[PDB]
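> Experimental coordinates follow, after the sequence.
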Protein chains: 2
Amino acid sequence: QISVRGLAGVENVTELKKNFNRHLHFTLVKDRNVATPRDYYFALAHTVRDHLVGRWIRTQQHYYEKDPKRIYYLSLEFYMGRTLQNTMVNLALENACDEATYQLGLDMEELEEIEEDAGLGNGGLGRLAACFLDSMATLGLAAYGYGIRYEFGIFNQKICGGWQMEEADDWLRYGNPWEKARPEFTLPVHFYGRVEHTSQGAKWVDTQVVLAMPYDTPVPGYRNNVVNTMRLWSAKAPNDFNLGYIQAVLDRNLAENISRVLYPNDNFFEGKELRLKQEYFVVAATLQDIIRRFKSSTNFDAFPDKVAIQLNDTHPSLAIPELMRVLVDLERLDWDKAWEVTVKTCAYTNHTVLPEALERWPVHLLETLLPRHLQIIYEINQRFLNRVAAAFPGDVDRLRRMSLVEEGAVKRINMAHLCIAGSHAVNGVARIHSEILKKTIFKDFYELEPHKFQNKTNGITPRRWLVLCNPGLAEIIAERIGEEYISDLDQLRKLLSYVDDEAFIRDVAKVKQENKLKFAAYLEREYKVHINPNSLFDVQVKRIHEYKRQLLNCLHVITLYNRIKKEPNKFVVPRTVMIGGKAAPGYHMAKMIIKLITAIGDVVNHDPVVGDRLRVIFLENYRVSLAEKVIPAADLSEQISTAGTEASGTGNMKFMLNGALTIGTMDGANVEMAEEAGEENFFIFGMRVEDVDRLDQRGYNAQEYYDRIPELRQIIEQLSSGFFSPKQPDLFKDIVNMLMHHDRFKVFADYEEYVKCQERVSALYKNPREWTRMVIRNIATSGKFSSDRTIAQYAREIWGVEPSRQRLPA
Amino acid sequence: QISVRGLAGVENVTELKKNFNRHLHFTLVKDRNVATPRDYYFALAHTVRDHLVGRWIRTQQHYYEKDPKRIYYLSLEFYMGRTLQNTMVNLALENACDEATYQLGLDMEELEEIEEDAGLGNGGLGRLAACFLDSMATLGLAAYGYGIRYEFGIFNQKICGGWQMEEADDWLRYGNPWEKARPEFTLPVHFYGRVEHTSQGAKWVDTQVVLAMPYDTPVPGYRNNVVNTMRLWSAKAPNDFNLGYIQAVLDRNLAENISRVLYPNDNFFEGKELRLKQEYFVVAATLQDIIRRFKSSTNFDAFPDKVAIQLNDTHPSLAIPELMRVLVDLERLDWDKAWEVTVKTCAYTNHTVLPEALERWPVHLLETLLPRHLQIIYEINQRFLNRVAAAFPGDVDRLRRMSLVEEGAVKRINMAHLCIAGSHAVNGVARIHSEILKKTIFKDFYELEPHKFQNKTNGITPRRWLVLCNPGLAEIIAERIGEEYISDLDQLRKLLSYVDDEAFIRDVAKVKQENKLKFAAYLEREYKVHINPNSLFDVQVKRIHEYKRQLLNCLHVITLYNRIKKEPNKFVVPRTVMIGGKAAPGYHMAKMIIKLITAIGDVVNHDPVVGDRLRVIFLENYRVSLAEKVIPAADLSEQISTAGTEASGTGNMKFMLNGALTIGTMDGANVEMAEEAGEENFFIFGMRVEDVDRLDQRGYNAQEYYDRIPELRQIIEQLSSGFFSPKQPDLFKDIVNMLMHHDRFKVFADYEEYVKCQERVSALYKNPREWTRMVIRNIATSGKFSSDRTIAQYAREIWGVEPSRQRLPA
Ligand SMILES: OC[C@H]1O[C@@H](c2nnc(-c3ccc(-c4ccccc4)cc3)[nH]2)[C@H](O)[C@@H](O)[C@@H]1O
Ligand SMILES: OC[C@H]1O[C@@H](c2nnc(-c3ccc(-c4ccccc4)cc3)[nH]2)[C@H](O)[C@@H](O)[C@@H]1O
Ligand SMILES: *Cc1c(COP(=O)(O)O)cnc(C)c1O
Ligand SMILES: *Cc1c(COP(=O)(O)O)cnc(C)c1O
C-alpha cells in the first residue's frame, strides 16, 4: 500500500500464507472453524518469529567468531511495549504480512491490537533502555540487555468514580511467543550467610540459594540482519529447598517472589528488602554469565578490552562490589588489580537529581542480606577517602560529604557515590542535567576526577516513534527525501527546503488531521467519549508527579473555563485537553491530582454554555501502546516541569518528531530541542534554573501570587469551596494546602507566564498555514534526538567501540 | 529392526528427518554445534507430536458431528509416566523414528531417557486411571479424563544413609511438549461465602473466586487414529485479587497453591483443607465444562443419555452435590427431577476397604468452605434415611449406620455413603473385593439396593506393559500368533499350543535372560551396584505400607542369610532380592521399613561367606519409568498382602504378562490370576480371608508364633540386639514392638507357609525347562487382565455405550 512498509512479492506472500496456516494447525491446534482473533494473532506472531531465527543464530555465531568487545546494558527496567509490528518494520515484512493476512480474510491492524504490552518498566528510564536496545542492534554493536523477567509488570490503571484503581498486569497469561526459556544456562545466586576469614582469604558461607533461569528475547536491528539478545532472569527455588513436606513445597514461593513484580515507582526510592534482592539477583546472575562468556573465547588484564558494563542508574550498582568479590575471593586477584579492572569495565548513567529518588540503603539490610558486599564497600570507601585526603589535605568536611557511608540515626550507603568511585565514566542525560551534576550534587567528585564526567543527551528510536506509529508522516517525508533518514535521522534537515512548498504544507496538515480523526474514533469506540476533531489537541502524557506539574495544566484549564463563563459569546480557539499517566500506588498527592483532573472534566464537559469549545479528558492506562496512538494525534505537547527537575524527558522528543509544537520550560532536553529548532519555533516560558535558585534564596511565598493575581485567587476559592466537588466540599483541601504552604515545585510562580504563552499558542493555531510551517521547522530539526546518535556517542566516548551500518548476510 | 515396531519406509524416514531439523532450528533455536541431548529429545518430541494433531482435531470434530454419549472419568490422579515412546507405539512410528534418528547420528533410546515422568499419582489408583485412558481411546469411546495439573507430582526419592529423603518433582522445569494450554476456556470456581434464601430459591453469595485454566493432553488409541483428551485444571488468581499493592500481588500465591502439589499418600486419608479445595476445584470446573458441552449440541431429561460421570473413588464425590446445586439453584429444576438426573449420570468405583483410607470430612470444614454443598448433603441424607426407614421400619441402628452424617466428638460426612446414595452403579475392583463390599462395609446398602452393586476386575494396558517395555517378548509372540493380540489380549491363549515347543521354550528363556542382563547393566551404570544376572530375580515393587508386608519379605531374606551362615558349604539357589517403593513422608513405620531393608543389605551384601549367593538391593525412586525396566527383568513377583487388604493390585498383572511367576496370597486379583492360570502354576500360600476372620475372633497373639518357631525367634533376637544396627542397637525397637504386640496385618501368622512356599520356588528354578513351561502357562492365560476387557465391561454394564475397534480415517 505505502512504500516505507516494503515489498509484497508474490513468492513472499505465498510463503507467509502457508506458514500462517501451518502454525494455526500444528502450533495452535485449531482449525479455521473454531479459531478466535487471538489464535490468528498467535499464528501471525509465530510466522514472523520464524524469520528472526536464522538471523539470530547467525548473529550470535558471528560474535563468537569475530570476538568483538561486548556491551552489557544492565537495567531493572525494559519498557518494550508490543513486538509484532516492530519486528515486521525491522525485517521489511509489513506490506507482505498485510497482503498475506488480507488474502486470508483478516485485518492485520485488528490482530496487532490483541498483543499485550511487555510493561516491564515505569516510564522514561525503562523506555530509554528499550530504545537503546533497538539502536545498538541497528548500529551493529555486540550488545546484550540484562534484566529481570517480572511476572507482573506495571499495573493496569482503571478509573472508578474518578479515582485510580490498580490491577495486576498478568501479561504472560496467554504466553509470550517472543521469548525462549534457556533452563540449561540456569545459575545460582546467594543470599544471607556469613563471612569466614581463612588464611586462604575470605569465604562467604551458609548462604541461601535461589536459581536464576534466563529467558532470551530477540532484538532485531533495522534492515541489517543483526539480531541481538535481551536476557531476562526468572527466580526458581532449588529442588531440595526446605527439604512438613507439603509446607516445604508451598514455601518455594518465598524464593520465587524475587521476580514476581515490578516496583511501580517513578523517581522515588523505598528501602524495601525485596527490591534489594531484585537488584542483587540481576547483578549476580548477569556477572556470572559475562565471566563465563569471557572465559570461552585466566588473564583478567584483557577483561576491560572485551567487556563494557553500563549501569542504568544505581539500580544495578551492586555490580561494582560483586565484580570485586568474584575477582578477589574467587579468582584470587590482588585488590589493586581487581579494582583497576572494575573501574575500566564499569560506567554509570545518572537519571535524576531529586533527593527522594536517590538510592541510599540502610547498612543493617546490607549486613544481613549481603555481608561480604558490605565489607567490600567499606574497603572501597576507606581507599577512596584516602585519595580524597591526599588531594585536599585538612578538608574534613569534604571527607564527610564524599563518603560512601552516610552517618545518622540509620547509617546508609549512598549508591551514587559508590557508582562514581567505581566507574571510569559518569554521565547525565541532557546538557543542562550534566552541568547540574558537576555544579551541585556531584561537585566534590567532579573536582577530584573531572575526566570522568560526561554528557550523553537522550534520544528515541525513529523506528518505533515515527515509522511504526505514524506511517503517513513517514511516507510523505520519504516521497521527498527517500528512505535513508530512518537510520540517519539528521537527513530530516533536508525538509527545511520544503517549508514554503504548498503541497508539502498541505500533506503535513492532512496527515495530522487523519491521525486526529483516527484517535477520536478510537476514543469513541473503546471509551464511549465524543470529541471535536477540529479542536486543538493539547496533550500532557507522562507519569503523575508533583515535579511534572500536571497541576499547572489544571490551573490553565480552569482559567479557560472561567474566561468562557465570564464572556460566553466571545470566540475562543476550541481545545481538547488530554491528560494521562499512572500514579505510584502509595503516592497520595499524585492520586489526588488524578481525581482533580476527572473532577474538572465532570464540570467542564457537561456545562452547556461551554459547548464543544473546551473538553477535558483523562486518558486511562497510559502505556507504550497508547503513546503510539495519541502522540501522532497531538497538536500541542506539554513539557512543563519546574526548571532543574526533569533530567531529560523523552516524551518531549516523541512529540517533536510527530508534528506537535511544544509548550515548555527550559528544562532537561527541552533546552536542546529549542536550540535545534530555534527559540522562535518553540513556546518557551517560565523560570529558568537561575530564577528558581534566586527564589529559593529569598524564600518562596505562594501567598504573594494569590494576593496579586485575581484570576488565580478565583481558582483557589473554587477549589476550597467545593465548586469541583459539590457532594464533598473539602475534598481538595490537601491540594490547596500544598499549593499555598508547601509547594516544592513553585506552581504559582510560573502561572502568569504560562497562561500568556498559552494565549500565543491559540493565536498561532488560528493561522493553520503558519502553524504547519512552524511544525515543519520542528520535524526538520528533530534529527539530533535519534537514539542512534546517543548510542554512537556512548560507543565512541565511553565503550571504546565503533558503530557499523553494514549488513550481515541475509 | 523388529516387526511389532512397524515400517520404516524411505518416504516416512525422509520426512521425519526434515521435520526434526525444522524443530531443532525454528522451535528450539539451536544448531547442531550447540545442541545437547536434551535439545534432541525435544526436537523428536515436537516431530512426533505433529503427527497427533490432525488426528486430534479430526477426532474431536467427529464427536461434535455424531454426538455420541460422552464419558467423563474424574480422578485426582493420573499417573501417566513418559509419553514419547507410547505415542510412537500407538501411531506405528517407532521403527521409522529409530531409523530417522540413527541416520542423524543419534540413539533414540538415549533420547527417550531424557523425558521426565508425568508423576501425577501415588501408585495403583493413579496408574489405573492412565491405563483406562489408553483403553478408552483404543476402544473408540468418546472419553475425557479430567483432573488437576499439579506443578509438583509425587516426590523424587533419594536414599541417604539408608533413609528416605524427599525432593520436589519439578517435572515442568524444561517444559511439557505434550500439553496445550487453553486459557480461553478458563472458568471460575467459588469458595467460602454464605447462603441467602430468597423467594427465588437459595443463592451462594460473597464467595472468593479462583480461576481454573485447562491444559489439554492428547491420548492416542492403538493404531485406530482416535485421539482423545485429558483435560487438567491449573489454578489462577483473578486480576483484581486482593485489589499494600506489592503484598496483594504476592498474595496471589494463596489462590494458586490449590494446584501446586500432589498429596503423597497411598491408602491413607488426612482431613486437610487444601486437599478439600483440590477436590472441589476439579469437580466445579469439570462440571461447568460438561454442562457447556451438553448445551452446545435446557432439557436436562436427556442429560444421562448424553453424559456419564465416573468417580474414581470418593475423591471427586463432591460432583454429586455440585450437580444438584447447579440443577436446582441455577437451572431451577425441582429437587426430585434433579436427583433422578444425578443418580442416572453418576457411578462410583471403590478402591479400598482399609478404614484409615476412607474419606470422612469434618462438618466444620464443609460448613466454612462449601456452605451450600453442606445444606444439599443434609437434604440428601434426610431423604435417603426416609427411604431406609420405609424399607426397614423400626431398625433404628440401621439408620445410624447408613447415615451420611457420622455423629461423635467431631461430626463428619462419610463420602462413600454419599457416593452410594447418589450413584446408579457401585463397583469394586476385583471379585473378592466386590464380595467383601457386599458382605461387610456396604452390607446395609446392598440390602437396600442390590441392583447397584457390581464388580469390574482391574486390568493393565498391553501397549505400555508389553509392547513398549518388553519388545523382545512381544516379537517372539507375534512370530507365532501374529499382531492382533495387542488389541485383543485373549488371543494369548493360542500360546498354550507352544508349551512343549523346544524353540518357543528357548526363545522365552532367551528374552528373559536378555532383559536381566540389560537391567543388571542399568544398575551398575546409574547406581554403582553389581549383581549376578544368573541369579533368581526376586522382586517386590509397590508403595511401602504395612498391609503390603514388605516386612514378611524381610523376614524371609534374613531366614535365608541365617541358613547360609549355619551351613555355608551347602548349595542354595542364588537370588537377587530387590525391593522398592516410596513411603508417604508422614508415615513413620514405612520409613523405618525402608531403613531396615537397606540395613539388611549392608550386612548381607558384604559378608564374604555369602558370596554372590544372596544380594539385597533397595531400588531407589520407584516410578512408572523404573517399572518399565525392572518388571521385564523379574523372575519372581512378590504379591504378599494379608488376605482381604489389597483391593485388586495391578503390579501383579504386569509381572504375569512379562514372564515372572507369582508368589502370593489369595488376595485381590491374585485370586483371579490363579483361577485363569491354574493353581498348579501359581505359588499360593498363607491365610485366606476366612482364616484371618477366625484368627481375629479368637485374638491374634504374635507371641505364640515366636514361642513355637525357633528360626523366627532368632530373627527377632537379631533385630532387638542390634545385629543389623551395630552403631545404634535399639534402632529397630519400634518394628519389633509392632510385630510382637500391635500387628494389624499378622506377619508372623503367614511366616512358616511363606518360607516353605519359597523353598518350592527355589526347587523349580533349578529346572529351567519346567520353570519356563510354567511361565508360558502364565503369559498364555493373562488375557483377562487387559484393561481393554475392563473398559468394555464398564461401557456395556455401567455407561450404556458400545465399544468400537473401527479406525477413523488417517
Ligand atoms: O533518562 C531517562 C529518563 O529517566 C527518568 C528517571 N530518572 N529516575 C528515574 C527512576 C528512579 C527510580 C525508580 C525506581 C523504581 C522502582 C523502585 C525504586 C526506584 C524508577 C525510575 N527515572 C527521568 O525522570 C527523565 O527525565 C529521563 O528522561
Ligand atoms: O484399583 C486400583 C488400585 O487402587 C489402590 C488404592 N485404593 N485406595 C487408594 C488411595 C486412597 C487414598 C489416596 C489419597 C491420596 C492423597 C490424599 C488422600 C488420599 C490415594 C490412593 N489406592 C488399591 O490399594 C489397589 O489394590 C488397587 O489395585
Ligand atoms: C516516552 C514515555 C515516557 C516518558 O515520558 P516523559 O514525558 O519523558 O516523562 C513515559 N511513559 C511512556 C509509556 C512512554 O512511552
Ligand atoms: C502398577 C504400579 C503400581 C501398583 O502396584 P501394586 O503392586 O498393584 O501396588 C504402583 N506404582 C507404580 C509406579 C506402578 O507402575
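Received the coordinates, thanks. Residues are numbered from 1 along each chain as shown, chains lettered A, B, ... in the order given. Ligands and ions are numbered 1, 2, ... in the order given.
> Buried residues, stretch A:325-337. List them.
In terms of neighbour count (16 or more other Cβ atoms under 10 Å in any protein chain shown), stretch A:325-337 has its buried residues at A:325, A:326, A:327, A:328, A:329, A:333. Using the backbone N, CA and C atoms, a C-beta is placed for each residue, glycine as well.
> Likewise for stretch A:466-481?
A:466-478.
> Repeat that for stretch A:40-57.
Of the residues in stretch A:40-57, those scored as buried under the neighbour-count criterion (16+ other Cβ under 10 Å) are A:40-57.
> Mind checking which of the residues you listed are in helices?
Among the buried residues of stretch A:40-57, the members found in helices (DSSP state H) are A:40-57.
> re earlier: any chance of the buried residues of stretch A:325-337 in JSON lines with secondary structure as columns?
Formatted as JSON lines, the entries for those read as follows, by DSSP: H, G, I helix; E, B strand; the rest coil:
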{"residue": "A:325", "secondary structure": "helix"}
{"residue": "A:326", "secondary structure": "helix"}
{"residue": "A:327", "secondary structure": "helix"}
{"residue": "A:328", "secondary structure": "helix"}
{"residue": "A:329", "secondary structure": "helix"}
{"residue": "A:333", "secondary structure": "coil"}
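> picking that back up, from the buried residues of stretch A:466-481, pick the one nearest chain B.
residue A:468 (25.0 Å; Cβ to the nearest Cβ).
> for that closest one, what are its contacts?
When the contact criterion is Cβ atoms under 8 Å, 6 or more residues apart in numbering or on different chains, the partners of residue A:468 are A:85, A:86, A:89, A:628.
> can I assume the third one is in contact with residue A:469?
Going back to what we said before, that points to residue A:89. No - under the contact definition of Cβ atoms under 8 Å, residue A:89 does not touch residue A:469, with a separation of 10.2 Å.
> on that earlier part again, now flag whichever of the buried residues of stretch A:466-481 is closest to residue B:264.
Distance to residue B:264 across those (Cβ to Cβ) is lowest for residue A:468, with 52.4 Å.
> That closest one and ligand 4, how far apart?
Between residue A:468 and ligand 4 the distance, using Cβ to the nearest ligand atom, to the nearest Å, works out to 55 Å.
> Pairing partners for the top strand by length along chain A, with directions?
Selection of the longest strand in chain A by residue count, based on DSSP state E, yields strand A:208-220. In the sheet containing strand A:208-220, its partner strands are strand A:180-181 (antiparallel), strand A:187-191 (antiparallel), strand A:227-236 (antiparallel), by DSSP bridges.
> Reformat these into TSV and put mean neighbour count next to each item.
Formatted as TSV, the entries for these read as follows, by neighbours: other Cβ atoms under 10 Å in any protein chain shown:
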stretch	mean neighbour count
strand A:180-181	18
strand A:187-191	17
strand A:227-236	23
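> Looking at these, which is nearest to residue B:808?
Using Cβ to Cβ as the criterion, the shortest distance between residue B:808 and the strands paired with strand A:208-220 is 35.3 Å, found for strand A:180-181.
> which residues sit in contact with residue A:320?
Residue A:320 sits next to A:342, A:346, A:380, A:418, A:419, A:421, A:422, A:423 when contact means Cβ under 8 Å, 6+ apart.
> So the fourth one versus ligand 2, what's the distance?
Read it as residue A:418. Taken as Cβ to the nearest ligand atom, the span from residue A:418 to ligand 2 is 53 Å.
> Check for me that that residue belongs to a helix.
Yes - assigned with three-state DSSP, residue A:418 falls within a helix.
> could the strands paired with strand A:208-220 go into TSV alongside distance to residue A:112?
Output for those, formatted as TSV (distance: least, Cβ to Cβ, whole Å):
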stretch	distance to residue A:112
strand A:180-181	22
strand A:187-191	36
strand A:227-236	21
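> And these: which comes nearest ligand 4?
Between ligand 4 and the strands paired with strand A:208-220, the tightest spacing by Cβ to the nearest ligand atom is seen for strand A:227-236, at 27.0 Å.
> what about the very next helix or strand once past that closest one and ligand 2, touching?
Using DSSP states H and E, the helix or strand that directly follows strand A:227-236 along the chain is helix A:245-250. No - residues of helix A:245-250 contacting ligand 2 under Cβ under 6 Å from any ligand atom: none, with a closest distance of 10.4 Å.
> ok, and for the longest strand of chain A, which residues are buried?
Buried positions in strand A:208-220, judged by neighbour count with 16+ other Cβ under 10 Å: A:210, A:211, A:212, A:213, A:214, A:215, A:216, A:217, A:218, A:219, A:220.
> how about JSON lines for the residues you listed, with distance to residue A:370 added?
As requested, these are arranged in JSON lines below (distance: Cβ to Cβ, whole Å):
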{"residue": "A:210", "distance to residue A:370": "13"}
{"residue": "A:211", "distance to residue A:370": "18"}
{"residue": "A:212", "distance to residue A:370": "16"}
{"residue": "A:213", "distance to residue A:370": "21"}
{"residue": "A:214", "distance to residue A:370": "22"}
{"residue": "A:215", "distance to residue A:370": "25"}
{"residue": "A:216", "distance to residue A:370": "27"}
{"residue": "A:217", "distance to residue A:370": "29"}
{"residue": "A:218", "distance to residue A:370": "33"}
{"residue": "A:219", "distance to residue A:370": "31"}
{"residue": "A:220", "distance to residue A:370": "37"}
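> Pick the one among the residues you listed closest to ligand 4.
Of all the buried residues of strand A:208-220, the one with the least separation from ligand 4 (Cβ to the nearest ligand atom) is residue A:211, at 28.5 Å.
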